[PDB]
Amino acid sequence: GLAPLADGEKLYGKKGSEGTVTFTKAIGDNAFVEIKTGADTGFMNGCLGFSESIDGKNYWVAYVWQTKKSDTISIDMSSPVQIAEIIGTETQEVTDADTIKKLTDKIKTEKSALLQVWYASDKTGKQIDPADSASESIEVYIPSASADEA
Amino acid sequence: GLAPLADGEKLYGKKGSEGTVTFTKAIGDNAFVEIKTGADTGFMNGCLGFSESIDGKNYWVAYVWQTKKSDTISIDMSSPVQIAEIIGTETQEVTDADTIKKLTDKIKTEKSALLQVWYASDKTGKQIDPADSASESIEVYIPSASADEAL
(Lines give C-alpha, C1' and ligand atoms only; values in the text may rest on other atoms or scores of the structure.)
Protein backbone atom coordinates (compact mmCIF):
# COMPACT_ATOMS: atom_id res chain seq x y z
CA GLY A 1 0.00 0.00 0.00
CA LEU A 2 2.56 2.53 -1.19
CA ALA A 3 2.85 1.27 -4.79
CA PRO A 4 -0.30 2.27 -6.80
CA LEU A 5 -2.86 -0.43 -7.65
CA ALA A 6 -4.54 -2.11 -10.68
CA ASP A 7 -7.94 -0.85 -11.93
CA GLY A 8 -10.01 -3.80 -10.65
CA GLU A 9 -8.74 -3.26 -7.09
CA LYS A 10 -9.31 0.56 -6.95
CA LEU A 11 -12.27 1.80 -4.89
CA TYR A 12 -12.97 5.40 -5.98
CA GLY A 13 -14.42 8.08 -3.72
CA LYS A 14 -17.34 10.18 -5.00
CA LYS A 15 -16.78 13.97 -5.12
CA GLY A 16 -19.18 16.41 -3.46
CA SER A 17 -19.61 20.18 -3.57
CA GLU A 18 -16.99 21.86 -1.35
CA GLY A 19 -14.33 19.41 -2.61
CA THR A 20 -15.66 16.64 -0.37
CA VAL A 21 -14.84 12.99 -1.20
CA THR A 22 -16.99 10.11 0.08
CA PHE A 23 -16.40 6.32 0.21
CA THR A 24 -18.79 3.40 0.82
CA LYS A 25 -16.48 2.02 3.54
CA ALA A 26 -13.94 3.33 6.07
CA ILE A 27 -10.71 4.65 4.58
CA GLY A 28 -8.15 2.62 6.54
CA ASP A 29 -4.37 2.86 6.37
CA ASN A 30 -3.87 4.06 2.78
CA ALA A 31 -5.31 6.56 0.31
CA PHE A 32 -4.19 7.24 -3.28
CA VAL A 33 -4.45 10.61 -5.05
CA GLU A 34 -4.60 10.30 -8.88
CA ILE A 35 -3.62 13.47 -10.77
CA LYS A 36 -3.61 14.30 -14.47
CA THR A 37 -1.69 17.58 -14.85
CA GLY A 38 -2.63 20.27 -17.43
CA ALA A 39 0.22 20.41 -20.03
CA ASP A 40 1.77 23.77 -19.11
CA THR A 41 1.74 22.84 -15.40
CA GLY A 42 5.19 22.44 -13.78
CA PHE A 43 4.21 22.03 -10.11
CA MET A 44 1.13 21.26 -7.95
CA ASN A 45 0.42 20.62 -4.28
CA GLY A 46 -2.47 20.31 -1.82
CA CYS A 47 -3.77 17.97 0.89
CA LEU A 48 -6.38 15.63 2.36
CA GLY A 49 -8.15 17.22 5.33
CA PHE A 50 -9.98 15.90 8.40
CA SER A 51 -11.53 17.22 11.61
CA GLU A 52 -12.03 15.22 14.82
CA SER A 53 -13.16 15.98 18.38
CA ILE A 54 -11.73 14.57 21.62
CA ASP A 55 -13.62 15.40 24.85
CA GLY A 56 -14.47 19.05 24.20
CA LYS A 57 -11.43 19.81 22.02
CA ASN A 58 -11.63 20.18 18.20
CA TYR A 59 -8.72 19.53 15.86
CA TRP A 60 -7.91 19.95 12.16
CA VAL A 61 -5.50 17.55 10.42
CA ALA A 62 -3.83 17.70 6.97
CA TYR A 63 -1.83 15.15 4.94
CA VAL A 64 0.17 16.99 2.24
CA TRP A 65 0.99 15.90 -1.36
CA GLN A 66 2.89 17.38 -4.34
CA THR A 67 3.87 16.50 -7.91
CA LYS A 68 5.43 17.81 -11.17
CA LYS A 69 3.84 15.30 -13.64
CA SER A 70 0.71 13.15 -14.02
CA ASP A 71 0.96 10.51 -11.26
CA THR A 72 -0.67 8.64 -8.35
CA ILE A 73 0.49 9.72 -4.87
CA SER A 74 0.10 7.15 -2.08
CA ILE A 75 -0.69 8.67 1.32
CA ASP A 76 -0.01 6.98 4.67
CA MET A 77 -2.97 7.71 6.97
CA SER A 78 -0.73 7.20 10.03
CA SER A 79 1.60 10.05 9.01
CA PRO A 80 -0.22 13.43 9.01
CA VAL A 81 2.01 16.53 8.69
CA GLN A 82 -0.09 19.42 10.06
CA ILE A 83 -2.21 19.19 13.21
CA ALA A 84 -3.85 22.07 15.08
CA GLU A 85 -6.41 22.53 17.85
CA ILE A 86 -9.09 25.03 16.89
CA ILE A 87 -9.74 27.30 19.87
CA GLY A 88 -12.34 29.91 18.93
CA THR A 89 -11.11 31.64 15.77
CA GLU A 90 -7.45 30.83 16.58
CA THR A 91 -5.15 27.85 16.16
CA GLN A 92 -2.53 26.00 18.21
CA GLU A 93 0.03 23.39 16.97
CA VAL A 94 -0.11 19.83 18.31
CA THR A 95 3.14 17.92 18.79
CA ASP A 96 1.86 15.55 21.50
CA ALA A 97 2.47 12.04 20.09
CA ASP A 98 -0.32 10.52 22.22
CA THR A 99 -2.90 13.06 21.01
CA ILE A 100 -1.72 12.62 17.41
CA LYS A 101 -2.15 8.81 17.53
CA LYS A 102 -5.66 9.13 18.98
CA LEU A 103 -6.58 11.36 16.04
CA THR A 104 -5.12 8.99 13.40
CA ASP A 105 -7.14 6.07 14.80
CA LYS A 106 -10.36 8.06 14.53
CA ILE A 107 -9.42 9.29 11.03
CA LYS A 108 -8.89 5.68 9.88
CA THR A 109 -12.57 4.96 10.62
CA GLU A 110 -13.83 7.92 8.54
CA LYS A 111 -15.74 7.50 5.26
CA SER A 112 -15.21 11.03 3.87
CA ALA A 113 -12.32 13.45 3.46
CA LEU A 114 -11.54 16.91 2.09
CA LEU A 115 -9.48 17.30 -1.09
CA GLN A 116 -7.74 20.66 -1.66
CA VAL A 117 -5.35 22.01 -4.28
CA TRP A 118 -3.29 24.80 -2.72
CA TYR A 119 -0.59 26.03 -5.07
CA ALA A 120 0.34 25.46 -8.71
CA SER A 121 2.75 27.00 -11.21
CA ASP A 122 3.52 26.70 -14.93
CA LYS A 123 6.76 25.56 -16.64
CA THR A 124 8.26 29.09 -16.42
CA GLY A 125 7.59 29.00 -12.66
CA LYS A 126 4.75 31.54 -12.84
CA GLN A 127 1.79 30.87 -10.50
CA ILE A 128 -1.50 29.49 -11.83
CA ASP A 129 -4.50 31.17 -10.17
CA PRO A 130 -6.70 29.47 -9.24
CA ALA A 131 -4.49 26.43 -8.54
CA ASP A 132 -7.35 24.02 -9.22
CA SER A 133 -7.16 24.95 -12.93
CA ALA A 134 -3.68 23.38 -13.29
CA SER A 135 -5.08 19.82 -13.44
CA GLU A 136 -7.35 18.06 -15.91
CA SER A 137 -8.63 15.69 -13.23
CA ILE A 138 -8.05 14.59 -9.65
CA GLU A 139 -9.51 11.50 -7.98
CA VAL A 140 -8.94 9.64 -4.73
CA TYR A 141 -9.18 5.88 -4.18
CA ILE A 142 -8.60 3.23 -1.53
CA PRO A 143 -7.92 -0.51 -1.97
CA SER A 144 -10.58 -3.14 -2.53
CA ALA A 145 -11.34 -5.83 -0.05
CA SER A 146 -9.54 -8.37 -2.23
CA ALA A 147 -6.38 -6.35 -2.77
CA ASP A 148 -6.59 -5.72 0.96
CA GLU A 149 -6.09 -9.38 1.80
CA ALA A 150 -2.51 -9.31 0.56
CA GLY B 1 -16.32 47.24 7.00
CA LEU B 2 -16.80 44.67 9.85
CA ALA B 3 -20.61 45.34 10.07
CA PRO B 4 -22.47 43.29 7.36
CA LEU B 5 -23.89 45.14 4.30
CA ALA B 6 -27.20 45.78 2.46
CA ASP B 7 -28.02 43.65 -0.63
CA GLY B 8 -27.27 46.38 -3.20
CA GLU B 9 -23.73 46.82 -1.81
CA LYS B 10 -22.81 43.08 -1.71
CA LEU B 11 -20.49 41.76 -4.42
CA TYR B 12 -20.84 37.96 -4.39
CA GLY B 13 -18.07 35.54 -5.37
CA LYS B 14 -18.88 32.72 -7.80
CA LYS B 15 -18.29 29.17 -6.50
CA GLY B 16 -16.17 26.68 -8.43
CA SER B 17 -15.49 22.96 -8.14
CA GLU B 18 -12.99 22.28 -5.31
CA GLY B 19 -14.77 24.88 -3.13
CA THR B 20 -13.12 27.74 -5.01
CA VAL B 21 -14.66 31.24 -4.89
CA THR B 22 -13.91 33.85 -7.58
CA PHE B 23 -14.53 37.62 -7.73
CA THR B 24 -14.46 40.10 -10.63
CA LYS B 25 -12.10 42.40 -8.70
CA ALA B 26 -9.41 42.12 -6.02
CA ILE B 27 -10.68 41.17 -2.57
CA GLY B 28 -9.20 44.01 -0.50
CA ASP B 29 -9.41 44.49 3.26
CA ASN B 30 -12.69 42.73 4.06
CA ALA B 31 -14.60 39.55 3.19
CA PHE B 32 -17.98 38.41 4.50
CA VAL B 33 -19.04 34.76 4.95
CA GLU B 34 -22.85 34.28 4.85
CA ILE B 35 -24.08 31.06 6.48
CA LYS B 36 -27.53 29.54 6.77
CA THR B 37 -27.28 26.66 9.26
CA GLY B 38 -29.31 23.43 9.29
CA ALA B 39 -32.13 23.10 11.82
CA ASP B 40 -30.31 20.59 14.05
CA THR B 41 -26.86 22.23 13.72
CA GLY B 42 -25.38 23.62 16.95
CA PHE B 43 -21.85 24.53 15.82
CA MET B 44 -19.87 25.07 12.59
CA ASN B 45 -16.38 26.26 11.67
CA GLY B 46 -14.01 26.46 8.70
CA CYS B 47 -11.82 28.99 6.88
CA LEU B 48 -10.79 31.03 3.83
CA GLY B 49 -7.55 29.71 2.34
CA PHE B 50 -4.77 31.21 0.23
CA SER B 51 -1.35 30.26 -1.09
CA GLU B 52 1.42 32.72 -2.02
CA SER B 53 5.08 32.47 -3.06
CA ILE B 54 7.96 34.75 -1.99
CA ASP B 55 11.32 34.20 -3.73
CA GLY B 56 11.42 30.39 -3.83
CA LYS B 57 9.34 29.82 -0.69
CA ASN B 58 5.69 28.69 -0.75
CA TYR B 59 3.21 29.44 2.04
CA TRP B 60 -0.33 28.47 2.99
CA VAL B 61 -2.54 30.92 4.92
CA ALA B 62 -5.91 30.43 6.65
CA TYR B 63 -8.43 32.88 8.14
CA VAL B 64 -10.75 30.97 10.52
CA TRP B 65 -14.50 31.48 11.19
CA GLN B 66 -17.14 29.85 13.42
CA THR B 67 -20.83 30.18 14.36
CA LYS B 68 -23.73 28.60 16.25
CA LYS B 69 -26.57 30.24 14.25
CA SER B 70 -27.33 31.57 10.77
CA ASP B 71 -25.19 34.72 10.41
CA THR B 72 -22.72 36.77 8.35
CA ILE B 73 -19.13 36.66 9.62
CA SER B 74 -16.90 39.57 8.66
CA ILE B 75 -13.27 38.61 8.10
CA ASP B 76 -10.36 41.04 8.37
CA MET B 77 -7.89 40.23 5.56
CA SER B 78 -5.06 41.75 7.60
CA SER B 79 -5.56 39.26 10.45
CA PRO B 80 -4.83 35.64 9.33
CA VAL B 81 -4.58 33.04 12.12
CA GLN B 82 -2.64 30.12 10.60
CA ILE B 83 0.45 30.52 8.40
CA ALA B 84 2.87 27.79 7.31
CA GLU B 85 5.71 27.36 4.85
CA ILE B 86 5.27 24.27 2.69
CA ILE B 87 8.64 22.53 2.38
CA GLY B 88 8.23 19.36 0.33
CA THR B 89 5.45 17.32 1.94
CA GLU B 90 6.10 18.89 5.38
CA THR B 91 5.04 22.13 7.08
CA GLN B 92 6.34 24.68 9.51
CA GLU B 93 4.87 27.65 11.36
CA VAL B 94 5.53 31.28 10.49
CA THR B 95 5.60 33.85 13.31
CA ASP B 96 7.81 36.41 11.52
CA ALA B 97 5.72 39.62 11.49
CA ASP B 98 7.54 40.98 8.43
CA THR B 99 6.89 37.79 6.40
CA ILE B 100 3.27 37.74 7.54
CA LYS B 101 2.65 41.33 6.38
CA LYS B 102 4.20 40.64 2.97
CA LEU B 103 1.77 37.74 2.57
CA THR B 104 -1.32 39.80 3.58
CA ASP B 105 -0.46 42.49 1.01
CA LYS B 106 -0.26 39.89 -1.76
CA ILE B 107 -3.47 38.22 -0.53
CA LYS B 108 -5.32 41.58 -0.68
CA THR B 109 -4.65 41.72 -4.45
CA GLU B 110 -6.09 38.21 -5.07
CA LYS B 111 -9.34 37.60 -6.96
CA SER B 112 -10.03 34.03 -5.74
CA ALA B 113 -10.02 32.18 -2.42
CA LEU B 114 -10.72 28.75 -0.96
CA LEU B 115 -13.79 28.13 1.21
CA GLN B 116 -13.72 25.14 3.58
CA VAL B 117 -16.03 23.79 6.29
CA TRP B 118 -13.99 21.82 8.81
CA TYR B 119 -16.07 20.72 11.77
CA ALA B 120 -19.77 20.73 12.66
CA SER B 121 -21.95 19.26 15.42
CA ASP B 122 -25.65 18.98 16.24
CA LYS B 123 -27.58 20.41 19.22
CA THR B 124 -26.70 17.40 21.40
CA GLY B 125 -23.01 18.06 20.62
CA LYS B 126 -22.65 15.02 18.35
CA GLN B 127 -20.47 15.51 15.24
CA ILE B 128 -22.00 15.90 11.78
CA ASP B 129 -19.99 13.98 9.15
CA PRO B 130 -19.40 15.36 6.62
CA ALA B 131 -19.34 18.88 8.14
CA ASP B 132 -20.44 20.48 4.87
CA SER B 133 -23.90 18.90 5.35
CA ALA B 134 -24.61 21.04 8.45
CA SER B 135 -25.44 24.14 6.36
CA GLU B 136 -28.20 24.92 3.88
CA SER B 137 -26.01 27.45 2.06
CA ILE B 138 -22.72 29.33 2.31
CA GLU B 139 -21.70 32.34 0.24
CA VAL B 140 -18.88 34.89 0.34
CA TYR B 141 -19.05 38.57 -0.63
CA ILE B 142 -16.99 41.75 -0.63
CA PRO B 143 -18.18 45.38 -0.64
CA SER B 144 -18.98 47.26 -3.85
CA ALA B 145 -16.79 50.20 -4.81
CA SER B 146 -19.57 52.53 -3.80
CA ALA B 147 -19.68 50.92 -0.40
CA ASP B 148 -15.96 51.41 -0.29
CA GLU B 149 -15.91 54.97 -1.53
CA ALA B 150 -17.24 55.42 1.93
CA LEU B 151 -14.54 53.71 4.00
# chains A, B, ... in the order shown; residues from 1 in each chain; ligands from 1
call {"tool": "closest_atom_pairs", "arguments": {"of": "range 83-147 of chain A", "to": "range 10-15 of chain A", "cutoff": "12 Å", "atoms": "only C-alpha atoms", "output": "tab-separated table"}}
result
residue	atom	partner	partner_atom	distance
A:111	CA	A:13	CA	9.1
A:112	CA	A:13	CA	8.2
A:113	CA	A:13	CA	9.2
A:114	CA	A:15	CA	9.4
A:115	CA	A:15	CA	9.0
A:116	CA	A:15	CA	11.8
A:137	CA	A:15	CA	11.6
A:138	CA	A:15	CA	9.8
A:139	CA	A:12	CA	7.3
A:140	CA	A:13	CA	5.8
A:141	CA	A:12	CA	4.2
A:142	CA	A:11	CA	5.2
A:143	CA	A:10	CA	5.3
A:144	CA	A:11	CA	5.7
A:145	CA	A:11	CA	9.1
A:146	CA	A:10	CA	10.1
A:147	CA	A:10	CA	8.6
call {"tool": "residues_around", "arguments": {"residues": "residue 86 in chain A", "least_positions_apart": "6", "cutoff": "8 Å", "atoms": "only C-alpha atoms", "output": "ChimeraX atom specification"}}
result
/A:57-60,92
call {"tool": "residues_around", "arguments": {"residues": "residue 39 in chain B", "least_positions_apart": "5", "cutoff": "10 Å", "atoms": "only C-alpha atoms", "output": "NGL selection string"}}
result
:B and (69-70 or 122-123 or 134-136)
call {"tool": "residues_around", "arguments": {"residues": "residue 17 in chain B", "least_positions_apart": "3", "cutoff": "8 Å", "atoms": "only C-alpha atoms", "output": "list in words"}}
result
residues 17, 18 and 19 of chain A; 20 of chain B
call {"tool": "closest_residue", "arguments": {"among": "B:27, B:6, B:151, B:61", "to": "chain A", "atoms": "only C-alpha atoms"}}
result
B:61
call {"tool": "closest_atom_pairs", "arguments": {"of": "chain B", "to": "chain A", "cutoff": "7 Å", "atoms": "only C-alpha atoms", "output": "Markdown table"}}
result
| residue | atom | partner | partner_atom | distance |
| --- | --- | --- | --- | --- |
| B:17 | CA | A:19 | CA | 6.7 |
| B:18 | CA | A:19 | CA | 4.2 |
| B:19 | CA | A:18 | CA | 4.1 |
| B:51 | CA | A:119 | CA | 5.9 |
| B:64 | CA | A:89 | CA | 5.3 |
| B:65 | CA | A:89 | CA | 5.7 |
| B:66 | CA | A:89 | CA | 6.7 |
| B:81 | CA | A:90 | CA | 5.7 |
| B:82 | CA | A:91 | CA | 6.5 |
| B:89 | CA | A:64 | CA | 5.3 |
| B:90 | CA | A:81 | CA | 5.8 |
| B:91 | CA | A:82 | CA | 6.5 |
| B:112 | CA | A:130 | CA | 6.6 |
| B:116 | CA | A:18 | CA | 6.8 |
| B:118 | CA | A:51 | CA | 5.9 |
| B:119 | CA | A:51 | CA | 5.7 |
| B:130 | CA | A:112 | CA | 6.6 |
call {"tool": "select_by_dssp", "arguments": {"residues": "range 85-128 of chain A", "states": "strand (DSSP E)", "output": "count of residues only"}}
result
18
call {"tool": "residues_around", "arguments": {"residues": "residue 4 in chain A", "least_positions_apart": "6", "cutoff": "9 Å", "atoms": "only C-alpha atoms", "output": "list in words"}}
result
residues 32, 72, 73 and 74 of chain A
call {"tool": "select_by_dssp", "arguments": {"residues": "range 71-123 of chain A", "states": "helix (DSSP H, G or I)", "output": "VMD selection string"}}
result
chain A and resid 97 to 108
call {"tool": "closest_residue", "arguments": {"among": "B:147, B:77, B:113, B:102", "to": "residue 48 in chain B", "atoms": "only C-alpha atoms"}}
result
B:113
call {"tool": "atom_distance", "arguments": {"atom1": "CA of residue 8 in chain A", "atom2": "CA of residue 43 in chain A"}}
result
29.5 Å
call {"tool": "residues_around", "arguments": {"residues": "residue 76 in chain A", "least_positions_apart": "3", "cutoff": "7 Å", "atoms": "only C-alpha atoms", "output": "PyMOL selection string"}}
result
chain A and resi 29-31+79
